[PDB]
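What follows is a short report on a single structure.
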Ligand SMILES: Nc1ncnc2c1ncn2[C@@H]1O[C@H](COP(=O)(O)OP(=O)(O)OP(=O)(O)O)[C@@H](O)[C@H]1O
Ligand SMILES: Nc1ncnc2c1ncn2[C@@H]1O[C@H](COP(=O)(O)OP(=O)(O)OP(=O)(O)O)[C@@H](O)[C@H]1O
Ligand SMILES: Nc1ncnc2c1ncn2[C@@H]1O[C@H](COP(=O)(O)OP(=O)(O)OP(=O)(O)O)[C@@H](O)[C@H]1O
Ligand SMILES: [K+]
Ligand SMILES: [K+]
Ligand SMILES: [K+]
Ligand SMILES: [Mg+2]
Ligand SMILES: [Mg+2]
Ligand SMILES: [Mg+2]
């Protein structure tokens with residue numbers, strides 16, 4: 001259709017207005033004193049939230065160009081979310097800060113490309129510096145603290161997460177479900193859990209959790225790669241009857257075969273999901289067997305001259321339920337008999353005795369623990385369905401944040417880490433003045449998170465910012481108590497990963513907008 | 001419906017306005033300092049590009065007449081693209097330059113036909129002169145340089161392309177696919193690859209790549225032309241069963257038979273694709289056999305009194321996958337047994353020994369290399385899906401440009417080649433004054449590319465243009481470093497083919513517009 | 001619906017405005033210096049043409065009455081086109097000239113009927129006078145010249161046409177197809193070709209060429225007229241099987257039978273086309289046999305007591321392909337065996353020996369030549385698909401014009417023939433003054449073609465017209481070189497047939513408009 005086309009400044013003011021509406025709506029929810037945002041619903045009462053992502057999803061503007069600016073920066077939160085699962089609001093205020101000053105510099109006549117280069121250089125060095133300052137979240141105490149902090153100071157949620165990770169390990173699978181009513185519940189189910197997700201989406205039958213769930217399915221344990229569907233045809237049909245879904249746990253399911261499975265299960269033609277076998281090399285085969293012993297199946301390896309074509313429903317393993325995430329497979333309640341299973345345990349138990357290497361020893365103990373990984377399930381307390389659904393949300397977020405914290409060290413929260421980094425880069429320079437302005441734009445935007453947190457408290461941003469910059473190290477402002485102190489000692493930490501991600505995605509989208517010269521959209525008609 | 005009709009000047013100003021909107025939007029993306037253009041999307045964030053073609057595709061104007069002018073010049077980029085696969089932006093700025101001055105001359109009262117004749121004469125001589133200045137891109141170093149330059153100075157992409165061409169030859173087939181994650185991968189697959197594309201589109205089942213892809217298909221190796229479908233009927237039905245696609249590799253598939261295949265495979269009635277046999281004359285038969293030995297098929301030649309009717313699925317060859325472009329067929333992983341294949345190699349290996357001619361020797365070595373051409377596959381590095389998808393784009397373009405460079409010599413880039421050519425034509429004259437003005441219009445437009453590249457840098461076009469014209473030879477302006485020097489020594493080259501194409505298509509469309517007296521379009525209703 | 005009704009002058013000015021828009025758009029394309037007209041397309045770039053018919057097809061006006069005038073005169077071009085296949089633009093400028101002055105005379109109070117009578121008388125005498133001046137286009141040199149002139153001075157196209165007519169005779173069938181690429185190709189295919197077209201349209205399966213094309217069809221050779229479908233029923237069903245089309249070559253297919261064939265083949269119920277047998281009388285039977293010997297069929301004549309009912313697929317002849325125009329049937333590649341065919345040739349070859357009459361001798365040689373007419377196929381050169389498609393158009397038009405030239409003598413081109421004729425009619429008078437004005441209107445309009453050709457050159461119409469009228473004979477203005485001279489010696493000729501047709505259709509439609517008193521059209525609602 002006929003288009004409306006805008007250039008330079010005309011386009012810039014439109015974009016800026018669009019990012020401001022989005023960022024302003026989102027940033028009021030930042031930190032312990034975040035404010036509420038009410039989102040209208042077509043039916044019933046409006047939604048009241050302090051969740052940034054929830055607000056962003058609702059933002060769409062009337063002016064086509066302003067809407068483009070809003071949808072562009074909205075990409076910042078979504079990418080930061082996909083990558084770290086937290087810090088989307090932080091990423092959004094960093095982006096607004098960089099875009100605002102960057103566009104001002106452009107309007108002033110500065111070279112957009114140089115501005116972007118300067119911003120990029122500052123971010124590159126800032127990230128290195130962020131790593132240098134990064135400390136860990138390994139022990140259960142740290143995990144508890146981060147969990148508590150991520151749960152709005154709810155020490156309860158903190159303990160839960162810590163206990164759940166103590167059961168299945170901090171790398172294990174953990175889920176949260178509605179509670180039976182009052183008092184939380186934590187139980188490990190099959191069963192076993194290993195680090196391997198679906199070999200492709202679509203298998204996802206429950207987009208609510210973005211996971212795949214199968215009930216009383218058959219489990220094919222093939223010790224090899226599967227490229228040709230032909231091999232599956234015989235077993236797939238055997239499973240076609242008995243009306244039960246099939247879980248493929250092979251060394252890997254490549255294009256040809258995988259593509260077919262995706263299409264067939266897409267047409268209701270037999271429900272089948274595929275995931276890679278745990279581990280690699282030798283231990284892979286040994287582990288693929290542990291699953292067999294657990295599900296009562298039989299490994300189909302070519303090493304013993306076995307063919308998938310010559311595989312009956314008797315070779316297949318089976319369990320009451322199996323769940324698979326983007327990167328986790330959990331088999332709940334397997335058919336395997338305690339005789340075989342417990343016997344398998346005894347075997348591996350001796351393996352540990354004959355262990356001549358710590359590495360081999362560790363790997364073996366990992367198997368016995370799993371067989372004797374599973375899935376830790378957290379059932380949220382209650383006392384009224386409303387509160388129960390709420391606490392469930394908090395536990396979910398706290399878990400998500402703590403998981404991120406465990407993966408990559410931690411740094412002082414409350415926006416102080418970025419402020420310390422910015423101060424260390426005061427002498428950073430580029431190839432020219434415009435690049436230097438870009439560097440300064442980035443260092444200035446690095447104070448935005450702390451300033452917005454303070455602003456949401458009802459305090460003065462410049463005063464608090466000035467005071468924090470005055471000290472050093474982990475010295476920061478505790479917005480919950482409105483007292484200065486050592487952020488680490490007060491338990492206010494952020495996973496280095498979310499801080500880094502927030503900054504990189506903010507600078508990335510900001511750089512693109514700053515170097516945008518023209519915009520095209522449908523004519524308002 | 002009722003039409004709006006415009007004549008002369010009224011039509012001219014409309015056309016000019018339409019080409020200006022398109023050219024201005026496109027030309028800002030020219031060269032190393034090209035600016036970004038933001039293209040609106042109905043959903044999500046806007047597209048940000050420095051790619052001229054991407055911008056042109058989005059240009060459509062409200063005023064019916066202006067839109068006609070935009071769509072007309074848009075033909076310049078598309079034809080230059082189809083012919084050389086690069087230089088569409090260059091072609092667009094040349095067209096705008098020729099159209100602008102040409103229409104001004106017309107408004108001044110000059111004869112349109114003479115103006116066009118003059119422009120044509122200048123372009124004819126300019127092309128001859130361009131050939132005279134043309135130098136080569138034969139060795140891997142040159143290929144690497146061009147690749148690097150086409151990849152925005154990414155020496156990585158440069159090395160990749162150079163290595164890929166070193167594997168399958170600079171005339172061989174090369175593809176790029178998403179990487180497994182971090183670090184690039186280069187592997188040659190079946191298999192073999194020969195220079196023959198689909199005998200007609202439609203066979204193209206994947207318009208994304210504009211190629212045809214078949215999985216585990218049967219390969220009919222007929223040593224003769226196929227005109228009558230009757231001959232195929234028996235084999236086509238044999239292939240109808242077993243549910244596998246068919247690849248026809250005959251001496252040629254003419255109208256009657258071809259037309260049927262296009263219609264049938266068009267109705268899902270058996271998937272079949274046809275391509276000519278590699279080479280011609282004697283070597284053709286020998287090569288058609290190499291394919292047989294590779295795919296485990298049997299050549300059906302009339303020389304041995306064989307009929308296609310009397311051909312079973314046992315005579316047909318077979319491979320896990322085959323891909324065919326506009327002019328390349330690649331058979332990946334053939335059923336042929338290493339015994340037969342490796343034996344065939346030994347045969348041809350002796351052929352080379354008994355070779356009494358270099359030509360026959362070269363041709364034989366070509367066969368052994370292919371059997372012992374295939375398809376080089378480039379898997380782009382990664383480190384996040386976003387960057388991976390981006391680098392993939394660059395490798396694709398760099399490859400496309402380097403391929404063009406390899407085909408036809410090279411000339412100084414940065415728009416200097418056309419400037420040198422223009423200076424050599426200062427004394428060119430026509431049959432009259434109007435023809436002389438046309439010649440001058442063309443020589444003036446030849447400076448436009450260098451001027452726009454400089455303008456995009458933020459420098460002064462006239463000053464740089466003046467300085468480059470001041471020197472001679474490969475003396476030019478390096479827009480990346482903003483330093484003058486020897487364009488060739490700095491590695492800034494353009495395939496003579498893209499420069500020539502850009503100029504000819506620009507002059508061609510410009511000539512048509514300049515000689516347009518009337519425009520007809522639907523009434524804005 | 002409610003109508004708008006206009007009378008006399010009100011209607012006249014509307015008509016005149018409508019013919020002026022159409023004629024003005026069309027006439028700029030007249031002659032060697034014709035200008036371009038740009039025609040808008042709903043998708044892609046506009047069409048740029050110098051072809052009058054192409055422009056006329058696009059002309060439709062908003063004002064209902066003006067549109068009526070445009071559509072009426074548009075009938076001039078279309079009829080001239082159908083009758084001579086050239087001179088549509090010439091016919092259009094003659095019509096505008098006659099209509100313009102004629103309507104002015106009417107407005108002045110002159111009797112419309114007398115004006116029309118005068119115009120008619122002038123045209124009647126002018127045509128006689130045109131015949132008197134008419135010279136021939138018989139030898140290949142003349143054919144080459146006309147072809148070159150009709151191909152915009154492209155001596156290449158001229159040679160092609162000349163060679164094609166040298167192969168199949170100037171009365172033979174000639175077609176043009178896309179070339180294989182670079183360099184033209186001329187080959188005679190079956191086969192044989194005779195002067196007989198489809199016995200009715202509808203059989204036309206390819207409206208693009210307005211011809212009928214059959215592949216591997218059966219050929220019924222009945223030596224008699226076919227009125228009753230009953231006779232065909234048995235053979236039609238035999239042909240229903242084997243899934244092959246049928247070509248009926250009988251003495252003639254009359255109403256009843258023909259009507260059925262048209263209806264059945266109209267419903268996909270068996271594809272059958274019918275054409276009369278070549279020649280008449282005795283030679284007819286002999287010729288019908290030559291076709292049999294060529295297609296391997298059997299003539300079904302009642303003379304030998306044969307019935308169509310008792311005719312099997314074995315009696316029917318057969319060929320790989322057959323094409324039939326409005327007045328030409330060409331059988332390509334017949335099944336007949338070279339033994340029978342070459343033997344038949346020997347027979348007729350002796351016939352020529354025993355020939356006691358030149359007439360019988362000529363007729364026999366015609367048969368041997370055909371059997372030892374066919375269809376000459378011209379494959380246009382190339383060097384890029386665009387240029388190839390263009391040159392193909394030129395060859396098509398040049399062929400069409402040359403064919404017309406060959407049929408009926410030639411006269412000086414460049415509009416001089418009509419000017420010479422007009423000068424010879426200076427003393428022509430009618431029954432009254434109004435009739436005399438009508439005569440003058442017609443003689444004045446006869447200068448219009450030369451004047452428009454000159455005007456398109458950018459020269460002065462009155463000066464050139466005055467100078468040409470000053471000399472005599474073939475003295476004219478060469479618009480290509482802008483030099484006066486002998487039109488015939490310069491090779492600028494027009495078939496007398498197209499000039500005559502252009503004038504008669506122009507005067508015919510003009511006469512109708514001039515005698516129109518009232519117009520009725522739907523109310524603009
Ligand atoms: N007591 C506190 N004092 C100061 N800052 C705190 C305190 N508790 C938490 N924070 C900080 O608040 C920030 C996180 O706030 P919040 O969860 O509202 O936004 P986000 O994580 O950036 O985005 P999302 O909407 O995805 O949660 C981090 O900088 C965190 O360290
Ligand atoms: N360092 C450089 N200095 C000057 N010119 C350069 C430099 N590097 C590349 N170029 C030139 O830039 C031009 C190519 O730019 P670009 O790829 O943006 O446009 P294009 O090829 O004309 O069209 P497309 O949009 O199809 O790519 C060529 O003239 C090339 O030689
Ligand atoms: N060198 C020439 N000088 C003068 N007149 C020429 C010359 N070459 C061709 N002509 C004339 O130009 C006329 C034909 O022009 P043109 O083909 O443009 O129009 P047309 O045949 O009247 O209509 P159509 O659009 O059907 O072709 C004829 O009168 C022909 O003799
Ligand atoms: K919040
Ligand atoms: K570019
Ligand atoms: K013309
Ligand atoms: Mg958070
Ligand atoms: Mg390019
Ligand atoms: Mg003509």
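Each position is counted from 1, following the chain as shown.
If you're wondering, the header gives electron microscopy, 14.9 Å.
Cβ coordinates are placed from backbone N, Cα and C, and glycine is handled just like the others.
Record features (Swiss-Prot):
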- A:29-32, A:50, A:86-90, A:414, A:478-480, A:494: ATP binding site (BINDING)
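The number of other Cβ atoms within 10 Å of the Cβ belonging to residue A:29 (ATP binding site), over all protein chains shown, comes to 22. Counting only residues at least six positions away in the same chain, the Cβ atoms of A:26, A:27, A:29, A:30, A:52, A:77 sit under 8 Å from the Cβ of residue A:89 (ATP binding site). For ligand 4, no neighbouring binding-site residues occur among A:87, A:414, A:479, A:494, by Cβ distance under 6 Å. In this structure, the binding-site residues that sit close to ligand 1, with a C-beta under 6 angstroms from any of its atoms, are A:31, A:414, chosen from A:31, A:50, A:414.
Remark: residue A:479 (ATP binding site) has A:31, A:32, A:33, A:414, A:453, A:454, A:456, A:457 as non-local neighbours, by Cβ distance under 8 Å and separation of at least 6 in sequence. DSSP classifies residue A:89 (ATP binding site) as helix under the three-state reduction. When secondary structure is read from DSSP and collapsed to three states, residue A:29 (ATP binding site) falls in the coil class.
In the three-state DSSP scheme, residue A:414 (ATP binding site) falls into the coil class.
For residue A:87 (ATP binding site), the Cβ neighbour count at a 10 Å cut-off comes to 28, with all displayed protein chains included. In sequence order, A:87, A:405, A:410, A:411, A:412, A:413, A:417 constitute the residues six or more apart from residue A:494 (ATP binding site) in its chain with CB-CB distances below 8 Å.
Cβ environment of residue A:50 (ATP binding site): A:29, A:34, A:35, A:36, A:37 lie under 8 Å away, each six or more residues apart in the same chain.
Mapped onto three states, the DSSP output places residue A:494 (ATP binding site) in strand. Within 10 Å of the C-beta atom of residue A:31 (ATP binding site) sit 24 other C-beta atoms, taking all shown protein chains into account. All protein chains shown were included, and the count of other CB atoms within 10 Å of the CB of residue A:414 (ATP binding site) stands at 25.
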